[PDB]
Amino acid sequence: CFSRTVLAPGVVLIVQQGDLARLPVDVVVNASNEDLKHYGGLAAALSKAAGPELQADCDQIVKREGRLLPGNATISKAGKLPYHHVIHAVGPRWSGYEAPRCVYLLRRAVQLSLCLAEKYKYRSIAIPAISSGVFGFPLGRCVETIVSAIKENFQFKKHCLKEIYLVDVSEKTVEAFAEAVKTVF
């Protein structure tokens, strides 16, 4: 654990190193593409551990609801992962020509992820540095946008959610999260 920040009474933000495929939390957020096709990065690790259940429920979801748009999130079965569900958030693909829009869409992915958690009555959620890998979002802007989006969501005391974790395997990204929490709070 790298930091702990009370967001509201009985609600904490925790930055931690760890593996989203195996955390003692209720649900996790995947950094997905629009097709819910988990063939790279975090998505691939999750899907591998999950067995084909997760990709198949995801195919049926696209084959039912249609392609997801950037900024949106949906939920699927988790298969063999230690969760009932995986929340798939589609971060934006970074363009330096549209940086404000990109920030908007990541904020949105984050907030919709939180809304889905609330809706399925979850009290703990873990979230990665959505968009900061293959999708190319500048790591610094990326982790501040996520932390700020989480800060806005609890500008009011009220929440099902009691613990929100920001998690990555790599320590640089985790440090980046811990710094963003300093700067933002």
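Residue positions are given as counts along the sequence shown, with the first one as 1.
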Zero if continuous, otherwise a range: how many residues of the deposited sequence are missing coordinates between residue 121 and residue 122 (none, 1 to 3, 4 to 9, 10 or more)? none
Highest mean C-alpha temperature factor of the two stretches 148-156 and 29-37, which is it? 148-156
With reference to the PDB entry, specify whether the mean Cα temperature factor is higher for 67-75 or for 100-108. 67-75
Out of 61, 42, 143, 127, highest CA B-factor residue: 61
Which third, lowest, middle or highest, does the C-alpha temperature factor of residue 167 belong to within its own chain? lowest
When the modelled residues of the chain are sorted by Cα temperature factor, does residue 24 land in the lowest, middle or highest third? lowest
